[PDB]
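Q: As you go down the protein sequences, you meet chains A and B in turn. Start counting at 1 in the first sequence, then tack on 3263, and there's your number in full-length UniProt numbering. Start counting at 1 in the second sequence, then tack on 3263, and there's your number in full-length UniProt numbering. Virtual Cβ for every residue (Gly too), placed ideally from N, Cα, C.
There are 2 protein chains.
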Amino acid sequence: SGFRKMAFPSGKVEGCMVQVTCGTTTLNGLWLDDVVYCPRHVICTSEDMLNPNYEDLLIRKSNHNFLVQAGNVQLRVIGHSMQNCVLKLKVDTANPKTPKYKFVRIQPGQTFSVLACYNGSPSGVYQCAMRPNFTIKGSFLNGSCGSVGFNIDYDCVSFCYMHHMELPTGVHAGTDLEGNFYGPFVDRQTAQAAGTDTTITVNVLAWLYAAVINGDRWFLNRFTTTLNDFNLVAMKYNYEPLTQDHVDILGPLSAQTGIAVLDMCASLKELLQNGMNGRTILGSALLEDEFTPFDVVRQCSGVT
Amino acid sequence: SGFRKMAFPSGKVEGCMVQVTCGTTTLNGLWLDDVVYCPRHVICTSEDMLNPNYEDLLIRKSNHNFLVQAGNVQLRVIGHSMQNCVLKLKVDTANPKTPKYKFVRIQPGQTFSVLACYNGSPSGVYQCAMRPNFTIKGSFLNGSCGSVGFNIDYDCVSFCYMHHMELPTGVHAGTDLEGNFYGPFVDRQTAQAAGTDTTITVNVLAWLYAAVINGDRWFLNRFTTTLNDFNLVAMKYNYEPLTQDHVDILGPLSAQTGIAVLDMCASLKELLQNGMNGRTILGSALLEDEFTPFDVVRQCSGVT
Ligand SMILES: CC(=O)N1CCN(CC(=O)Nc2cnccc2C)CC1
Ligand SMILES: CC(=O)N1CCN(CC(=O)Nc2cnccc2C)CC1
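#1: If we cut at 8 Å on Cβ distances, does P3385 of chain A have a partner in chain B?
#2: Please work out which residues of its chain come closer than 6 Å, Cβ to Cβ, to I3476 of chain A, disregarding the five sequence neighbours upstream and downstream, and give them in chain order.
#3: Pick from A:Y3502, A:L3490, A:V3354: whose alpha carbon is nearest that of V3336 of chain A?
#4: So who's on the other strand from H3435 of chain B, going by DSSP bridges?
#5: Compare the C-alpha of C3307 of chain B against each of B:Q3519, B:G3286, B:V3299, B:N3405 and name the closest.
#6: Using only alpha-carbon positions, find the residue among A:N3466, A:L3513, A:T3489 that is nearest to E3503 of chain A.
#7: Measure the C-alpha to C-alpha separation of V3524 of chain B and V3305 of chain B and round it to an integer number of angstroms.
#8: So, is residue 3238 of chain A buried or exposed, given that buried needs 16 or more other C-beta atoms within 10 angstroms?
#9: Between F3397 of chain A and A3379 of chain A, which are expected to be in contact by the criterion C-beta below 8 Å, what is the C-beta distance as a whole number of angstroms?
#10: Does the beta-carbon of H3327 of chain B, which I'm using as the reference point, lie nearer than 7 Å to any heavy atom of ligand 1?
#11: Does the beta-carbon distance from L3505 of chain B to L3495 of chain B come in below 8 Å?
#12: Looking at C-alpha atoms only, which residue of B:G3372, B:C3348, B:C3301, B:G3334 is the closest neighbour of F3554 of chain B?
#13: Which term fits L3313 of chain A, buried or exposed, when burial requires 16 or more other beta carbons within 10 angstroms of its beta carbon?
#14: Is the closest heavy atom of ligand 2 to the C-beta of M3527 of chain A under 7 Å?
#15: If I'm right that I3512 of chain B touches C3423 of chain B with Cβ under 8 Å, what's the distance once you round it to whole angstroms?
#16: Could you tell me which residues DSSP pairs with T3308 of chain B in its beta bridges?
#17: With a threshold of 7 Å (Cβ to nearest heavy atom), would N3405 of chain B be considered close to ligand 2?
#18: Taking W3470 of chain B as the reference, give the member of B:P3556, B:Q3536, B:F3329, B:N3382 with the closest Cα.
#19: Distance cutoff 8 Å, beta carbons only. Does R3267 of chain B sit that close to anything in chain A?
#20: Ligand 1 and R3542 of chain A: does the residue's C-beta get closer than 7 Å to at least one heavy atom of that ligand?
#21: When burial is assigned at 16 or more other CB atoms within 10 Å of the CB, is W3481 of chain B buried or exposed?
#22: When DSSP labels each residue in this structure, what does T3520 of chain B get in the three-state scheme?
#23: Please determine, among B:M3428, B:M3345, B:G3334, B:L3430, the residue with the shortest C-alpha to C-alpha distance to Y3317 of chain B.
#24: Starting from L3490 of chain B, trace the alpha helix (DSSP H) both ways and give me its first and last residue.
#25: Closer than 8 Å is the cut-off here; do at least three beta carbon pairs connect the segment 3281-3300 of chain B with the segment 3451-3462 of chain A?
#26: Going by the beta-carbon positions, is the gap between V3299 of chain B and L3338 of chain B smaller than 8 Å?
#27: If contact means a Cβ-Cβ distance below 8 Å, which residues of the segment 3278-3297 of chain B contact chain A?
#28: Considering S3407 of chain A, what are the terminal residues of the beta strand (DSSP E) in which it resides?
#29: Where do the ends of the alpha helix (DSSP H) carrying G3274 of chain B lie?
#30: Looking at the C-beta of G3565 of chain A, does it have a partner C-beta in chain B at a distance below 8 Å?
#31: Could one say the Cβ of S3325 of chain B lies closer than 8 Å to chain A's Cβ atoms, at least one of them?
#32: Can you find a C-beta in chain B that's less than 8 Å from the C-beta of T3520 of chain A?
#33: Going along the chain, which residues of its own chain have a beta-carbon closer than 8 Å to the beta-carbon of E3533 of chain A, five neighbours each way excluded?
#34: Does the beta-carbon of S3386 of chain A, which I'm using as the reference point, lie nearer than 7 Å to any heavy atom of ligand 1?
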């Protein structure tokens, strides 16, 4: 028992972190096989930042300008290329610590762990969700670019995010490992609109199931609702509309607790309409949406 | 910017996790140099659990009864001994992945990361605080015993906790790495009183400084208070009394923000007396006490 905002063990990803320096800029790189991936803005200077011409800036750079260091060992760069907003630096040595891995583009509302790094050195690990508006609310300071987000399925690391920027609002934006930004963001120091965000309804329901499993039950009521009725409340409270696909993903949790998904929706409806009345659920005084139904099942069964 | 409940990178500790089986019971062990540490209750059976005579139960066991497996490799046990509530199994091979390490007994109110493990395999990592009453509110299922808590100072891992039990209240208890329980707990399946707990005042203040640094400032007011006055409020709201030692530890945060510690106390006093009024601080709707002043400084400066 107990429910915590748990991150994946970061060991397999720590073994891939390197430092990348180009000119005066230092950030993090991800060394997998004989390739180091890093944000392309490592080639920018302070003036360039406002509207960089990345193709022109990269043409001024040669393999020897990319200084890549894995702790104490220096890597020899034998190729460089830009793919979307990432640079791929081919090195002459395959990372001996390369885990089994995949590059995946996650969906908004899915969760992942972030290994925050500075100068190629890991500082901490935390779990977070890709917001419906494609931003993440992380903890990143200057030098954290190139830190990655990932999930782990037994021995396979699926990298889903590489950190690129902090928007003027203090929220974070980045790319998949092919350098495509999540959301409308660009790697420029410009004010950029993040879409209207919503709360991830399916995750809040999953977390209400985690609460019941772990003994927090005060919010269960004598009511039920329909998807239509619930979605009118979700609309008023800026929650994602619930679909049958979300109900289907909550199936295992519904089966385990014996609480029908629409009955849990009626509990969530009453919490949205009345608040928590100064009470808590799993140590939180708000409705948590950073746990997917998969996360809840995994934590509640002890998956390694 | 951004502030997250960050755990230490778990790689150095993942490399130490092993599985220990004695009879029908399997739990986790910590392999450091040529010693494997694990909870002594690995030698109990269902009947024994209520009041085990550990000295007698261990006398029935020989080195060959302790099956220790590090992933796929089997370790050869050449000695066994009980120290307080831990067993130390001497093995014939020093762990090649042994990091620089220390065994420390943490103080109540201090924080640490837990690497939750099942069958010697890491499942996740989360940060938590040792409650003032010496319990932890973790996420542990059957098989998680032997999972450890730790802090990391650059390359040195200070192990401070080994998980032993879940109290009937769903809270967790364990020992330091010398097998001494934190708090009054014993390794028996008996109802056990956990002391009256309090909120870690110095940590809530540290977290209010983290909030101001990261832009959440709505709670700052035109008031000040004294340690005496603040401590009358702390008393009413079951917060730890604030001392000059706590004020001194908040010094760096006070210097960085320019907000005197007693002025932050007056903000905390108003939040205790009036609540959050449906607002949030760093994504939380309650007063968070799981970040020490050290944690706040480290996260706000990017320490690796
Ligand atoms: C070079 C360029 O066009 N830019 C504009 C500056 N950015 C730098 C940037 O966003 N850093 C950063 C990331 N995360 C947290 C904190 C900070 C300070 C990179 C992309
Ligand atoms: C052998 C003995 O005297 N006991 C009594 C049983 N306990 C087992 C125990 O507390 N397990 C556990 C730990 N954490 C979360 C969930 C569970 C189920 C070990 C100590």
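A: By the coordinates alone:
#1: yes
#2: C3563
#3: A:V3354
#4: B:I3399, B:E3429
#5: B:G3286
#6: A:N3466
#7: 47 Å
#8: There is no way to answer for residue 3238 of chain A, as the model of chain A reaches only from 3264 to 3567.
#9: Rounded, the Cβ-Cβ distance is 20 Å, inconsistent with contact.
#10: no
#11: no
#12: B:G3372
#13: exposed
#14: no
#15: With 8 Å as the limit, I3512 of chain B and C3423 of chain B do not qualify as a contact, their Cβ atoms being about 18 Å apart.
#16: In the DSSP output, where bridge partners are listed per residue, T3308 of chain B has none listed.
#17: yes
#18: B:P3556
#19: yes
#20: no
#21: exposed
#22: helix
#23: B:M3345
#24: 3490-3499
#25: no
#26: yes
#27: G3278
#28: Note, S3407 of chain A: premise wrong, no beta strand (DSSP E); not H, not E.
#29: 3274-3277
#30: yes
#31: no
#32: no
#33: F3482, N3484, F3486
#34: no
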